[PDB]
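Structure, as C-alpha cells:
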Amino acid sequence: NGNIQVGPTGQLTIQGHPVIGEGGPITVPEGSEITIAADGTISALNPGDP
Amino acid sequence: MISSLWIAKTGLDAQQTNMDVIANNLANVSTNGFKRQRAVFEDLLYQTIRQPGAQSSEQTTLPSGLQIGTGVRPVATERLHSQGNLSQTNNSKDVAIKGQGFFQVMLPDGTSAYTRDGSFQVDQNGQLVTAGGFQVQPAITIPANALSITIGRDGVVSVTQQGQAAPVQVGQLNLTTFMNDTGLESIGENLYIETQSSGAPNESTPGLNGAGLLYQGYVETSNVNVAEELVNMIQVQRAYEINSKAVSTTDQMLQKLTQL
Amino acid sequence: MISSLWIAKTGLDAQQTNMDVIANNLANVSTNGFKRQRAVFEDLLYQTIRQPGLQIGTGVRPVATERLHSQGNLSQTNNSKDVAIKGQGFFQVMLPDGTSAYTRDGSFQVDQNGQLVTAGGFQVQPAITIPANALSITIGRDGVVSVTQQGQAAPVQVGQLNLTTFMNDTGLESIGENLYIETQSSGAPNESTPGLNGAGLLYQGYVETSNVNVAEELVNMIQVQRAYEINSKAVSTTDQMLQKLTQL
Amino acid sequence: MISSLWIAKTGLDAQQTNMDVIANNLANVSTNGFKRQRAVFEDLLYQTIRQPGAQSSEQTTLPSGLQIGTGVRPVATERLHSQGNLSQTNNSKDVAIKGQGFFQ
Amino acid sequence: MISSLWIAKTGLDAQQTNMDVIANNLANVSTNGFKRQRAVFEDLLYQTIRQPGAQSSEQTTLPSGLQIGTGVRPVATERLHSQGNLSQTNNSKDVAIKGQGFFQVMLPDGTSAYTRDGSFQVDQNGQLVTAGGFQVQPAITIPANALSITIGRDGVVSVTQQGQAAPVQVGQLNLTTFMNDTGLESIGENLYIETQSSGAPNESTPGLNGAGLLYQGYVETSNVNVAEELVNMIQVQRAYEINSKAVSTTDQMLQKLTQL
C-alpha cells in the first residue's frame, strides 16, 4: 500500500503504521509538500519559500 | 466538470474581452482627444502535481517536472498616450495640445476632473466650458462685447474689445501633468480622474517643464490606427474559432464517456 | 479487480493531461513572452512472468512538461516603455514578499513615484527611477535607460536593465502571473549586462509574443480526441468481458 | 497566433509608416526651409531552427541552415538636409542660406 | 497516433515554413541590401518492410519492396545573393555595391559583422557609422568643417576643405568577400556574422580580386520579385488545404474505426 498520509506532527504513516526509513521511522517537517523519488528519496518543500 | 472545458472557456472570455476592446477603440474614431486602449493577458496559476527540482533519485533531480496550467485572464487595459494627429477646424475656441498636458474641469459635485479634448464653448454667463457644460479651470471669464479671443502658445487668453488697440487679458490656461498618465480612471465623457496609481496633479504653464503647447483653431483627433484594428479583428476571430473548436472537441470526448 | 480497467484508465488520464496542456497553450496565445508546454509520457512499471520471459505492462503516466524556450516573434506597441529580448535572458522583478522572480513579458509602466514596474505592479530590478519632467525615455540595446529633459541637450543616465541568465532555462518554476522563480534544476542566476556573456539584446517599442504554434495544437487535439475514444472503447470491452464472467 | 500573420502585420505597419512619411512630405511642399524625411528599415529577429554552419557530422558541415525570419522594423526616419531651391521674394527681411548653417 | 496523421503533420508545418519564408521576403521589400530566401525540402524516413533486392524463389530477386516513407523536413533556407536594382537618392553618404563585396562593421562587443546596406551616417565625433549606430571599419573619420564628401568607386574617401582646392584623402573603404556568401549567419539589422561554412573574411579594395565597385548616391534595393511571391502564395495555400484534407480523411477513418 503506497497511500502514504502525513500527520499534523509531520510523521509518515501507512494505515496508522509509521513508515520506516534509513534513520528509522520517517518524520517529515510539519506542513510541507513531499515528493517521493524513484529511489524513495523524500524531498520536503516549505510553502511560500522559493 | 472537466478541466479542459474551463481552460477553453477562459480563453473564449479573454478573446471576447479583446474583441470588446477593439470595438470600443473603433467606435471612438471621431472622438477628439481619445486614446486607444490595448489589453494585456496573463496565464492563471499552475497545478503543481510533481514539484520540479525534486530528487528524481538519490543522486539525480527531476528536470522541469509535471506542471498543468489553467486558462488565461486579462491583467489590464493600458492606454496609448500619444499625440493624436491635429485638425484645423478654424474656430477661435477650439484648443489642441501638442505635448503631454491636460485641461482641468470641475464636475457639479465639486471635484476636479481632467480632459484632453479642447472643444470649448461659452455659457450664458461668459465662462469657458466644455461640450458637456463643465466649467474649465482656471475659470476664464469672457466678457459680453468680445470681438476676438486669442489663446497663445503659453496659455494666455486675451480679448480684444472695440476701439482699444491693446488686448485685455481675462485668464490663464494651465495644464496638469501626472507622473503616471495611464493610471487615470476614465469616467467616460472624455474625462479622467486622479487615482493613487496616477501620482498627483502637477499644475504647470503650457510651454514650461513639460506641459504641451496650446494651439488655437486645432483639435486633437483620436490616435486609433484602423488597419491595425482590422488585422487584430481577423486575429481575434480566428482565435475565437480555435477556442470554440477546443470546447467542441471536449464536448465530443465527454460524449463517449457518457456512452461507455 | 485484476484486469485492464486500470491500464485503460491510466491511458485516458494521459490523454486528459495532454488535452489540458494543449488548452493551456491555446488560451495563452495572446500573452506576451509565453513559452508553449509539451507533456512527456513514459510508461509505468512492468510485471514479469517467469517460465518453467514475458512482461505485461501497466499503463502510461505523465512525467514532466517541458517549456519550449525559443525566441518568439516581436510585435509593435509604439509604447516607449516596452522592451523585448533578442536572445536568451530574463528580466528580474521583485515580488512584494521579498523574493525575486523572473519574467520575459516586456510590457512595463512607470508607477506613481517614478519606478519601472511590470503590468502587475511589481517593481523591476535593477530599480529605475524615472524623473517626473521626462520628455522621452530611451532604452538602449545594452540596457542603458537614458531620460531626456527639456532644456538640457544631453540625455541623463538613470539605470541599467540587467538580464538574468540561467544555464537551464526549462527548470524554472512557473509561479503563475508570467513569472518564474529559480529552482534547484535552474540554479545560479547569472546577472549580466544585455549583450555580453551570452545575454540577449533589447529592442525598445517591441514586445515578445507567445511561442504557441497553432497547427500542432489542432492536430494534437485531433489525436487526443481519437486516442481518448480508443481508450474508452477498451474500457467498454473490459466491462463487457467482466459482465460475461460474473453471469456464470 | 501564426508567425506568418505577425510577419505580415509588421510589414503592414512598415508600409503604413512609409505612406505617412510620403504624405507628410507632400503636405509640406510650399513651406520654406523644409527637409523631407526618409524611413530606413532593417531585419527583425531570425529564428535559428537549424544553425547555419552546424557540425552535422565529424566531416560534413551544414551550409546555410534553417534561418526562419520574423518581420521588419523601421530603423529610423532621417531628414535629408540638402539645399533647397532659392526663390526671390524681393523683401529686405528675407534671408536664405547657401551652405549648411543654421539660424539661432 | 496514426502514421498518415504524422506524415500530414510534417506537411502542414513545412508548407507553413514556406509561408514564413514568403512573408519574410515580403516584409523586407523596402529594405535596402536585402536578399530573398528560398527553402529546400527533403524526404523523411522510409520504413524498410520488404527489402528491395532480397532474393525470393532462390534465383529471382524482389524489385522495389515496401519502402513506406514518413513525411517531409526542410533541409535549409538559402539566400539568393544576386545584384539588386540600384536606386538614386542623390546623397553623399549612400554607397551602393555593384559586385560581390561586403562592408565590415565592428560590433561594440568586440567582434565584427558584415553588412551590404550602404546608408551611412556621421556620429557626433565624425566617424562613419551605420544607421544603427555601429562604427564602420577600417574607420573613416570625417573632419569637422567638411564642405563635400566624395567616395570614389575605388573606395577612397576625400573631403573638400575651405581654402584648399585639392581634396584630402581621409580613409579607404574596403570590401570583404567570402568563399561562400550563403553561409553567413544573419543576425538582423542587415548584419551577417561569419560562420565556419562561410570560410574566412577576405579583405579587398573595390575593383580587384572580385570585390565590386562602389557607387555614391545609390542604394542597393532588395531583389525580392513580388509576382513570384504571389504565385507562391497561391501554391502555399493550395498545398496546405490539400494536406488539411488528408488530415480530415485520416480523422474520418479513425472515427469510424472507433465507433464501429
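Going through the C-alpha cells in order, the chains are called A, B, and so on, while each chain numbers its residues from 1 and the ligands are numbered from 1 in the order shown.
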Name all residues at most 12 Å from residue A:25 (count only C-alpha atoms; drop same-chain ones fewer than 4 positions away) and give them as an MDAnalysis selection string.
chainID A and resid 10:14 17:21
Can you tell me which residues surround residue B:68 at a distance of at most 8 Å, considering only C-alpha atoms, apart from same-chain residues fewer than 2 positions away, and format the answer as an NGL selection string?
(:B and (46-49 or 66 or 70)) or (:C and (17 or 20-21 or 65))
Select residues of chain A: the criterion is any atom within 10 Å of an atom of chain C, counting only C-alpha atoms; output as a compact mmCIF listing (two decimals) with N, CA, C and O atoms, in the first residue's frame.
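Final output, part.txt:
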# COMPACT_ATOMS: atom_id res chain seq x y z
N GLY A 48 5.43 28.74 0.48
CA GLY A 48 5.86 30.13 0.50
C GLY A 48 7.32 30.33 0.17
O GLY A 48 7.69 31.33 -0.45
N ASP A 49 8.17 29.40 0.59
CA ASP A 49 9.59 29.50 0.30
C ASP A 49 9.86 29.25 -1.18
O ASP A 49 9.09 28.55 -1.85
N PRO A 50 10.94 29.81 -1.72
CA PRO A 50 11.25 29.58 -3.13
C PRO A 50 11.61 28.13 -3.37
O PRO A 50 12.06 27.43 -2.46
I want to know what sits within 12 Å of residue C:155, based on only C-alpha atoms, with residues of the same chain fewer than 5 positions away left out; could you give that as a list in words?
residues 131, 134, 135, 136, 137, 138, 139, 140, 144, 145, 146, 147, 148, 149 and 150 of chain C
I need the contact residues of chain E against chain B, so if you could list those with any atom within 12 Å, counting only C-alpha atoms, and return them as an mmCIF file with C-alpha atoms, in the first residue's frame, that would help.
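Wrote iface_39.cif, looks like this:
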data_model
loop_
_atom_site.group_PDB
_atom_site.id
_atom_site.type_symbol
_atom_site.label_atom_id
_atom_site.label_comp_id
_atom_site.auth_asym_id
_atom_site.auth_seq_id
_atom_site.Cartn_x
_atom_site.Cartn_y
_atom_site.Cartn_z
ATOM 1 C CA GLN E 255 -13.613 7.988 -36.195
ATOM 2 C CA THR E 258 -13.597 3.940 -33.039
ATOM 3 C CA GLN E 259 -17.377 3.970 -33.486
#
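By only C-alpha atoms, and with residues fewer than 6 positions from residue C:72 along its chain excluded, the set lying at most 6 Å from it is residues 208, 209, 210 and 211 of chain C.
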Can you build me a table of chain E residues sitting at most 8 Å from chain D, with the closest atom pair per residue and its distance in Å to one decimal, using only C-alpha atoms, sorted by chain and residue number, as a Markdown table?
| residue | atom | partner | partner_atom | distance |
| --- | --- | --- | --- | --- |
| E:16 | CA | D:4 | CA | 7.9 |
| E:17 | CA | D:68 | CA | 7.5 |
| E:19 | CA | D:4 | CA | 6.4 |
| E:20 | CA | D:4 | CA | 5.0 |
| E:21 | CA | D:68 | CA | 6.6 |
| E:23 | CA | D:4 | CA | 5.9 |
| E:24 | CA | D:71 | CA | 5.7 |
| E:26 | CA | D:11 | CA | 7.4 |
| E:27 | CA | D:11 | CA | 4.4 |
| E:28 | CA | D:72 | CA | 6.0 |
| E:30 | CA | D:41 | CA | 7.1 |
| E:31 | CA | D:41 | CA | 5.3 |
| E:32 | CA | D:41 | CA | 7.5 |
| E:39 | CA | D:66 | CA | 7.9 |
| E:74 | CA | D:66 | CA | 7.6 |
| E:75 | CA | D:66 | CA | 7.1 |
| E:76 | CA | D:65 | CA | 4.4 |
| E:77 | CA | D:66 | CA | 5.1 |
| E:78 | CA | D:64 | CA | 5.8 |
| E:131 | CA | D:75 | CA | 7.2 |
| E:132 | CA | D:75 | CA | 6.9 |
| E:182 | CA | D:64 | CA | 5.8 |
| E:183 | CA | D:64 | CA | 4.8 |
| E:184 | CA | D:64 | CA | 7.4 |
| E:185 | CA | D:52 | CA | 6.4 |
| E:186 | CA | D:46 | CA | 7.1 |
| E:187 | CA | D:46 | CA | 6.5 |
| E:188 | CA | D:43 | CA | 4.6 |
| E:189 | CA | D:42 | CA | 4.9 |
| E:190 | CA | D:43 | CA | 5.8 |
| E:195 | CA | D:53 | CA | 6.0 |
| E:196 | CA | D:53 | CA | 5.7 |
| E:197 | CA | D:53 | CA | 4.8 |
| E:198 | CA | D:53 | CA | 7.8 |
For residue E:95, find every residue with an atom within 6 Å (counting only C-alpha atoms), except residues of its own chain fewer than 6 positions away, and show them as an mmCIF file with N, CA, C and O atoms, in the first residue's frame.
data_model
loop_
_atom_site.group_PDB
_atom_site.id
_atom_site.type_symbol
_atom_site.label_atom_id
_atom_site.label_comp_id
_atom_site.auth_asym_id
_atom_site.auth_seq_id
_atom_site.Cartn_x
_atom_site.Cartn_y
_atom_site.Cartn_z
ATOM 1 N N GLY E 118 24.278 50.345 -47.522
ATOM 2 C CA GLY E 118 25.244 51.417 -47.621
ATOM 3 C C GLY E 118 24.804 52.776 -47.125
ATOM 4 O O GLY E 118 25.528 53.756 -47.340
ATOM 5 N N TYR E 215 29.327 52.837 -55.763
ATOM 6 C CA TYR E 215 28.662 53.989 -56.352
ATOM 7 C C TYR E 215 28.183 54.920 -55.248
ATOM 8 O O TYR E 215 27.630 54.470 -54.240
ATOM 9 N N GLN E 216 28.401 56.217 -55.438
ATOM 10 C CA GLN E 216 27.944 57.216 -54.485
ATOM 11 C C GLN E 216 26.603 57.790 -54.929
ATOM 12 O O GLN E 216 26.370 58.033 -56.115
ATOM 13 N N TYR E 218 23.817 56.117 -54.602
ATOM 14 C CA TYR E 218 22.971 54.994 -54.967
ATOM 15 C C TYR E 218 22.798 54.063 -53.775
ATOM 16 O O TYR E 218 23.671 53.981 -52.906
#
Could you give me, as a list in words, each residue of stretch 1-87 of chain E that DSSP assigns to alpha helix (DSSP H) when run on this structure's backbone?
residues 3, 4, 5, 6, 7, 8, 9, 10, 11, 12, 13, 14, 15, 16, 17, 18, 19, 20, 21, 22, 23, 24, 25, 26 and 27 of chain E
How would the residues just chosen look if you wrote them out with C-alpha atoms as a tab-separated table (two decimals), in the first residue's frame?
chain	number	residue	atom	x	y	z
E	3	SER	CA	1.16	7.19	-39.30
E	4	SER	CA	-0.73	9.09	-42.01
E	5	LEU	CA	-1.57	11.80	-39.49
E	6	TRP	CA	2.11	12.28	-38.60
E	7	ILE	CA	3.02	12.46	-42.29
E	8	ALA	CA	0.32	15.07	-42.86
E	9	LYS	CA	1.57	16.99	-39.81
E	10	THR	CA	5.01	17.30	-41.31
E	11	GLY	CA	3.29	18.53	-44.50
E	12	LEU	CA	1.23	21.33	-42.97
E	13	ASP	CA	4.13	22.58	-40.85
E	14	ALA	CA	6.51	22.59	-43.82
E	15	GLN	CA	4.12	24.47	-46.10
E	16	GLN	CA	3.90	26.95	-43.20
E	17	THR	CA	7.70	27.26	-43.08
E	18	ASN	CA	7.31	28.09	-46.77
E	19	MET	CA	4.66	30.60	-45.84
E	20	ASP	CA	7.02	32.11	-43.25
E	21	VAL	CA	9.73	32.35	-45.91
E	22	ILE	CA	7.31	34.12	-48.26
E	23	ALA	CA	6.13	36.51	-45.55
E	24	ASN	CA	9.70	37.34	-44.50
E	25	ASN	CA	10.61	38.05	-48.13
E	26	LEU	CA	7.55	40.30	-48.49
E	27	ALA	CA	8.07	42.26	-45.26
Pairwise distance, atom CA of residue E:158 with atom CA of residue E:217, equals 14.9 Å
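Among the candidates E:207, E:61, E:2, E:159, the one nearest to chain C when counting only C-alpha atoms is E:2.
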Chain A: residues DSSP assigns to strand (DSSP E), reported as an MDAnalysis selection string:
chainID A and resid 5:6 12:14 17:18 20:21 24:25 33:36 42:45
Keeping N, CA and C atoms for every residue in the selection just given, could you write it to a file as a tab-separated table (two decimals), in the first residue's frame?
chain	number	residue	atom	x	y	z
A	5	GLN	N	0.15	8.93	4.05
A	5	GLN	CA	-0.56	10.12	4.55
A	5	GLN	C	0.30	10.79	5.61
A	6	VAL	N	0.34	12.11	5.63
A	6	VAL	CA	1.10	12.88	6.59
A	6	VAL	C	0.22	13.17	7.79
A	12	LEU	N	5.19	10.23	8.75
A	12	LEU	CA	4.60	9.47	7.66
A	12	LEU	C	4.03	8.16	8.19
A	13	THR	N	2.74	7.95	7.98
A	13	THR	CA	2.07	6.72	8.40
A	13	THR	C	1.35	6.09	7.22
A	14	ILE	N	1.37	4.76	7.19
A	14	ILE	CA	0.60	3.97	6.23
A	14	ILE	C	-0.32	3.09	7.05
A	17	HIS	N	0.47	2.78	10.64
A	17	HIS	CA	1.80	2.29	10.98
A	17	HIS	C	2.85	3.25	10.43
A	18	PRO	N	3.73	3.80	11.26
A	18	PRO	CA	4.74	4.73	10.74
A	18	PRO	C	5.64	4.05	9.71
A	20	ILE	N	9.04	3.23	7.72
A	20	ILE	CA	10.40	3.01	8.17
A	20	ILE	C	11.37	3.48	7.09
A	21	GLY	N	12.26	4.41	7.45
A	21	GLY	CA	13.31	4.86	6.58
A	21	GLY	C	14.68	4.44	7.09
A	24	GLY	N	15.29	5.07	10.67
A	24	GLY	CA	14.20	4.57	11.48
A	24	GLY	C	12.87	5.05	10.94
A	25	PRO	N	11.87	5.16	11.82
A	25	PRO	CA	10.58	5.72	11.39
A	25	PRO	C	10.77	7.12	10.82
A	33	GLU	N	5.29	20.04	1.61
A	33	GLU	CA	4.92	19.29	0.41
A	33	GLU	C	6.02	18.29	0.09
A	34	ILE	N	5.62	17.05	-0.19
A	34	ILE	CA	6.55	15.92	-0.28
A	34	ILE	C	6.61	15.43	-1.72
A	35	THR	N	7.83	15.09	-2.14
A	35	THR	CA	8.00	14.47	-3.48
A	35	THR	C	8.86	13.21	-3.31
A	36	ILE	N	8.24	12.04	-3.19
A	36	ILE	CA	9.00	10.76	-3.12
A	36	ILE	C	9.75	10.60	-4.45
A	42	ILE	N	12.96	11.46	-0.13
A	42	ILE	CA	11.83	12.31	0.23
A	42	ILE	C	12.32	13.75	0.26
A	43	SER	N	11.77	14.59	-0.62
A	43	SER	CA	12.11	16.00	-0.70
A	43	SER	C	10.95	16.80	-0.12
A	44	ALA	N	11.26	17.70	0.81
A	44	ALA	CA	10.26	18.49	1.52
A	44	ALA	C	10.39	19.95	1.12
A	45	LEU	N	9.28	20.55	0.71
A	45	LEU	CA	9.21	21.96	0.36
A	45	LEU	C	8.31	22.68	1.35
Contact residues around residue B:63 with only C-alpha atoms at 12 Å, ignoring same-chain residues under 4 positions, as a list in words:
residues 50, 51, 52, 53, 54, 55, 56, 57 and 67 of chain B; 40, 63, 64, 65, 66, 67, 168, 169, 170, 171, 172, 173, 183, 184, 185, 186 and 187 of chain C
Interface residues on chain C facing chain E, 12 Å, only C-alpha atoms, written as a CSV table (one decimal) with N, CA and C atoms, in the first residue's frame:
chain,number,residue,atom,x,y,z
C,15,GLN,N,-4.3,11.1,-21.8
C,15,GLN,CA,-4.9,11.9,-22.9
C,15,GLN,C,-5.5,13.2,-22.3
C,73,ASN,N,8.2,35.7,-31.8
C,73,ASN,CA,8.1,36.9,-32.7
C,73,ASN,C,7.9,38.2,-31.9
C,86,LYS,N,16.1,40.0,-27.5
C,86,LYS,CA,16.6,39.3,-28.6
C,86,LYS,C,17.7,38.4,-28.1
C,87,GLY,N,17.3,37.1,-27.9
C,87,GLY,CA,18.2,36.1,-27.4
C,87,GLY,C,17.7,35.5,-26.1
C,140,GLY,N,18.5,51.8,-24.4
C,140,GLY,CA,19.4,51.3,-25.4
C,140,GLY,C,19.5,49.8,-25.6
C,141,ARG,N,20.2,49.4,-26.6
C,141,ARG,CA,20.4,48.0,-26.9
C,141,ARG,C,21.1,47.3,-25.7
C,142,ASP,N,22.0,47.9,-25.1
C,142,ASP,CA,22.8,47.3,-24.0
C,142,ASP,C,22.2,47.7,-22.6
C,193,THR,N,25.0,42.3,-18.0
C,193,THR,CA,24.5,43.3,-18.9
C,193,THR,C,24.1,42.8,-20.2
C,194,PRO,N,23.0,43.3,-20.8
C,194,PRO,CA,22.5,42.8,-22.1
C,194,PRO,C,23.5,43.0,-23.2
C,195,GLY,N,23.9,41.9,-23.8
C,195,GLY,CA,24.8,41.9,-24.9
C,195,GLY,C,26.1,41.2,-24.7
C,196,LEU,N,26.4,40.9,-23.5
C,196,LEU,CA,27.7,40.2,-23.1
C,196,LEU,C,27.4,39.0,-22.3
C,197,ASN,N,28.4,38.1,-22.3
C,197,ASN,CA,28.3,36.8,-21.6
C,197,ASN,C,27.0,36.0,-21.9
C,198,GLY,N,26.7,36.1,-23.2
C,198,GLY,CA,25.5,35.3,-23.7
C,198,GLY,C,24.2,36.0,-23.5
C,199,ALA,N,24.1,37.1,-22.9
C,199,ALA,CA,22.9,37.8,-22.6
C,199,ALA,C,22.3,38.3,-23.9
C,200,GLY,N,21.0,38.5,-24.0
C,200,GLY,CA,20.3,39.0,-25.2
C,200,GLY,C,20.3,40.5,-25.2
C,201,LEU,N,19.9,41.0,-26.4
C,201,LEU,CA,19.8,42.4,-26.6
C,201,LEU,C,18.4,42.9,-26.3
C,203,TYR,N,15.2,45.4,-27.6
C,203,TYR,CA,14.5,46.2,-28.6
C,203,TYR,C,13.4,47.0,-27.9
C,213,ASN,N,2.6,27.6,-31.5
C,213,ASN,CA,2.2,27.3,-32.9
C,213,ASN,C,0.9,26.7,-32.9
C,214,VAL,N,0.1,27.0,-33.9
C,214,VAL,CA,-1.4,26.7,-33.9
C,214,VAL,C,-1.6,25.3,-34.5
C,215,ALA,N,-1.0,25.0,-35.7
C,215,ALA,CA,-1.3,23.7,-36.4
C,215,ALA,C,-1.0,22.5,-35.5
C,216,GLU,N,0.2,22.6,-34.8
C,216,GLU,CA,0.5,21.5,-33.9
C,216,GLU,C,-0.6,21.3,-32.9
C,217,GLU,N,-1.1,22.3,-32.3
C,217,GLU,CA,-2.2,22.2,-31.2
C,217,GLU,C,-3.4,21.6,-31.8
C,218,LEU,N,-3.9,22.0,-33.0
C,218,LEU,CA,-5.1,21.5,-33.6
C,218,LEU,C,-5.0,20.0,-33.9
C,219,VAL,N,-3.9,19.6,-34.6
C,219,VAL,CA,-3.8,18.2,-35.0
C,219,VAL,C,-3.6,17.4,-33.7
C,220,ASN,N,-2.9,17.9,-32.7
C,220,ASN,CA,-2.7,17.2,-31.4
C,220,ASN,C,-4.1,17.0,-30.7
C,221,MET,N,-4.9,18.0,-30.9
C,221,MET,CA,-6.3,17.9,-30.3
C,221,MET,C,-7.0,16.7,-31.0
C,222,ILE,N,-6.9,16.7,-32.4
C,222,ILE,CA,-7.5,15.5,-33.1
C,222,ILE,C,-7.0,14.2,-32.6
C,223,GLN,N,-5.6,14.1,-32.4
C,223,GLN,CA,-5.1,12.8,-31.9
C,223,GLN,C,-5.5,12.5,-30.5
C,224,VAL,N,-5.6,13.5,-29.6
C,224,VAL,CA,-6.0,13.3,-28.3
C,224,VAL,C,-7.5,12.8,-28.2
C,225,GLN,N,-8.4,13.5,-29.0
C,225,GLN,CA,-9.7,13.0,-29.1
C,225,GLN,C,-9.9,11.6,-29.5
C,226,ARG,N,-9.1,11.2,-30.6
C,226,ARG,CA,-9.3,9.9,-31.1
C,226,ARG,C,-8.7,8.8,-30.2
C,227,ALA,N,-7.5,9.1,-29.6
C,227,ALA,CA,-7.0,8.2,-28.6
C,227,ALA,C,-7.8,8.0,-27.4
C,228,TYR,N,-8.5,9.1,-26.9
C,228,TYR,CA,-9.4,9.0,-25.8
C,228,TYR,C,-10.6,8.1,-26.2
C,229,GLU,N,-11.1,8.2,-27.4
C,229,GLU,CA,-12.2,7.3,-27.9
C,229,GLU,C,-11.7,5.9,-27.9
C,230,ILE,N,-10.5,5.7,-28.3
C,230,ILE,CA,-9.9,4.3,-28.4
C,230,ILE,C,-9.9,3.7,-27.0
C,231,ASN,N,-9.3,4.5,-26.0
C,231,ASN,CA,-9.2,4.0,-24.6
C,231,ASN,C,-10.6,3.8,-24.0
C,232,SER,N,-11.6,4.6,-24.3
C,232,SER,CA,-13.0,4.4,-23.9
C,232,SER,C,-13.5,3.1,-24.4
C,233,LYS,N,-13.2,2.8,-25.7
C,233,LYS,CA,-13.7,1.5,-26.3
C,233,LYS,C,-13.0,0.3,-25.6
C,234,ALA,N,-11.7,0.5,-25.2
C,234,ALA,CA,-11.1,-0.6,-24.5
C,234,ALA,C,-11.7,-0.8,-23.1
C,236,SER,N,-14.8,-0.2,-22.3
C,236,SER,CA,-16.1,-0.8,-22.6
C,236,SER,C,-15.9,-2.3,-22.8
Minimum-distance residue to residue B:89, chosen among B:219, B:122, B:105, B:213 (using only C-alpha atoms)
B:219
With a cut-off of 6 Å and counting only C-alpha atoms, select all residues of chain A in contact with chain B and give the selection as a PyMOL selection string.
chain A and resi 37-39+41
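Atom CA of residue C:235 lies 12.9 Å from atom CA of residue C:59.
If only C-alpha atoms are the atoms counted, then among C:207, C:212, C:161, C:95 the closest residue to chain D is C:212.
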Residues near stretch 163-176 of chain B, cut-off 6 Å, only C-alpha atoms, skip fewer than 3 positions along chain, as a compact mmCIF listing (two decimals) with N, CA, C and O atoms, in the first residue's frame:
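The result, stored in result-v8.txt:
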# COMPACT_ATOMS: atom_id res chain seq x y z
N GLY B 101 0.07 67.48 -21.58
CA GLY B 101 -0.71 68.09 -20.52
C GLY B 101 -2.19 67.79 -20.66
O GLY B 101 -2.65 67.23 -21.66
N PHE B 102 -2.94 68.19 -19.63
CA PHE B 102 -4.38 68.03 -19.58
C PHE B 102 -5.05 69.31 -19.11
O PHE B 102 -4.47 70.10 -18.36
N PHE B 103 -6.28 69.51 -19.56
CA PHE B 103 -7.14 70.58 -19.06
C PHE B 103 -7.88 70.09 -17.82
O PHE B 103 -8.22 68.92 -17.70
N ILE B 140 -11.81 80.94 -17.01
CA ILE B 140 -11.56 82.17 -17.82
C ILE B 140 -12.91 82.80 -18.18
O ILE B 140 -13.72 82.13 -18.84
N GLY B 155 -0.67 79.81 -23.00
CA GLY B 155 -1.88 79.68 -22.22
C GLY B 155 -2.56 80.97 -21.81
O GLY B 155 -3.43 80.94 -20.94
N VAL B 156 -2.19 82.10 -22.40
CA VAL B 156 -2.83 83.36 -22.05
C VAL B 156 -4.05 83.57 -22.94
O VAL B 156 -3.97 83.48 -24.17
N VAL B 157 -5.19 83.84 -22.31
CA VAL B 157 -6.43 84.10 -23.04
C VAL B 157 -6.68 85.60 -23.02
O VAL B 157 -6.86 86.20 -21.96
N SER B 158 -6.71 86.21 -24.21
CA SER B 158 -6.87 87.65 -24.34
C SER B 158 -8.10 87.96 -25.18
O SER B 158 -8.45 87.22 -26.11
N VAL B 159 -8.76 89.07 -24.85
CA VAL B 159 -9.95 89.54 -25.54
C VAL B 159 -9.69 90.95 -26.06
O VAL B 159 -9.26 91.82 -25.30
N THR B 160 -9.94 91.15 -27.35
CA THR B 160 -9.76 92.46 -27.98
C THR B 160 -11.12 93.15 -28.07
O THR B 160 -11.99 92.72 -28.83
N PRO B 201 -1.61 65.55 -9.26
CA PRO B 201 -1.70 66.51 -10.37
C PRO B 201 -0.73 67.67 -10.21
O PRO B 201 -0.84 68.46 -9.27
N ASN B 202 0.22 67.79 -11.13
CA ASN B 202 1.19 68.88 -11.09
C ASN B 202 0.77 69.94 -12.10
O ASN B 202 0.82 69.71 -13.31
N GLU B 203 0.34 71.10 -11.60
CA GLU B 203 -0.02 72.21 -12.47
C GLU B 203 1.23 72.85 -13.05
O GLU B 203 2.26 72.98 -12.38
N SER B 204 1.15 73.27 -14.31
CA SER B 204 2.28 73.87 -14.99
C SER B 204 1.79 74.71 -16.15
O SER B 204 0.69 74.53 -16.67
N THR B 205 2.65 75.65 -16.56
CA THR B 205 2.34 76.52 -17.68
C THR B 205 2.57 75.78 -19.00
O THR B 205 3.52 75.00 -19.12
N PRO B 206 1.72 76.01 -20.00
CA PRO B 206 1.86 75.29 -21.28
C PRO B 206 3.04 75.75 -22.11
O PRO B 206 2.91 76.62 -22.97
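Going from atom CA of residue C:190 over to atom CA of residue B:65, you cover 22.5 Å.
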